[PDB]
Amino acid sequence: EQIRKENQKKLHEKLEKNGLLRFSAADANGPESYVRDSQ
Amino acid sequence: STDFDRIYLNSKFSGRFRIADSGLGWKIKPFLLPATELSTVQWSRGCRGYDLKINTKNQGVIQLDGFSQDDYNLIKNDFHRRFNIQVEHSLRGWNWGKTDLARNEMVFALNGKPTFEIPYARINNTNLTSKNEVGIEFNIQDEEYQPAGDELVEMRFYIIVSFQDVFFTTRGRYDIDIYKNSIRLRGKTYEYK
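Chains L and M, in that order, are what the protein sequence lines are.
According to the authors' numbering, the first sequence holds residues 494 to 524, 536 to 543 in order.
According to the authors' numbering, the second sequence holds residues 2 to 11, 13 to 30, 43 to 102, 106 to 176, 242 to 252, 254 to 276 in order.
1) Going by DSSP, what residue range makes up the alpha helix (DSSP H) through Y9(M)?
2) Drop a sphere of 10 angstroms on the beta-carbon of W111(M), count the other beta-carbons inside from all chains shown, and report buried for 16 or more, exposed for fewer.
3) Terminal residues of the continuous alpha helix (DSSP H) containing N511(L)?
4) Which residues in the same chain as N144(M) place their Cβ atom closer than 6 Å to its Cβ, once the five residues preceding and following it in sequence are excluded?
5) For a quick check, are the C-beta atoms of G80(M) and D65(M) less than 8 Å apart?
6) Quick check on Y257(M): does DSSP put it in helix, strand or coil?
7) Indicate the three-state DSSP secondary structure (helix, strand or coil) for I242(M) in the structure shown.
8) Counting only beta-carbon separations shorter than 8 Å, does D520(L) have a partner in chain M?
9) Does any CB atom of chain L fall closer than 8 Å to the CB of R109(M)?
10) Mapping DSSP to helix, strand and coil, what is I30(M)?
11) May I ask you to report which of helix, strand or coil DSSP gives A165(M)?
12) In the structure shown, what three-state DSSP assignment does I76(M) receive?
13) Mind pulling the chain M residues with CB within less than 9 Å of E536(L)?
14) Of the residues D23(M), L46(M), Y162(M) and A119(M), which one's Cα is nearest the Cα of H94(M)?
15) Have a look at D167(M) and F15(M) and give me their C-alpha separation to the nearest angstrom.
16) Between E494(L) and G523(L), what straight-line distance do the alpha-carbon atoms span, to the nearest angstrom?
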């Protein structure tokens, strides 16, 4: 139980690192009728 | 030459035309079109009113109508003697186009295919907005119930005694003016005669 709790802390810490890099960019949301004359 | 009383020209009734070597005589007020003023011929069967559609340098387009399908072998027979010009718009119908301001017309060219060419003689008033929206309001000279036919009022595109402040129920607030033999109701809703 202490091992998996320390694991959950480590996964939250690396969640920060894996989430930080991919939004390094801007990521801005804002910026027929006829064929012939015979008809 | 040829004479026909069933030639239709100009929101009006038909008229009369007279062919000649010096030019063309169109009588509704007689009008003479010289042979040195014509530039191009756009006679084709792709549009309604299959007749000659000539272009003139006198700020007008001769959009004559009321000719049979057998007249194209006849009228061009009068053209090979002196003019010697062979007559060859837009059929896509898409909303995409380009507006070009000519000397006397407004060319609507949808990728190299011109569709509309309205002369400035029938224009009455023009209005513009802040969003480059252009609205041309015209007044077709209606004379009778039979000869008027269908008539255009306004075209929009995107790029004696008169009274003021009159409240009417048949509902709103507008203005009314009295002409010589008519009355014009003008306002933000519509224009009525």
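All residues carry an ideal CB built from backbone N, CA and C; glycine is no exception.
Result, derived from the coordinates:
1) Where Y9(M) is concerned, there is no enclosing alpha helix (DSSP H), although the beta strand (DSSP E) it sits in stretches over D4 to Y9.
2) exposed
3) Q495 to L513
4) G152
5) yes
6) strand
7) coil
8) no
9) yes
10) coil
11) helix
12) strand
13) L108, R109, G110 and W111
14) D23(M)
15) 12 Å
16) 47 Å
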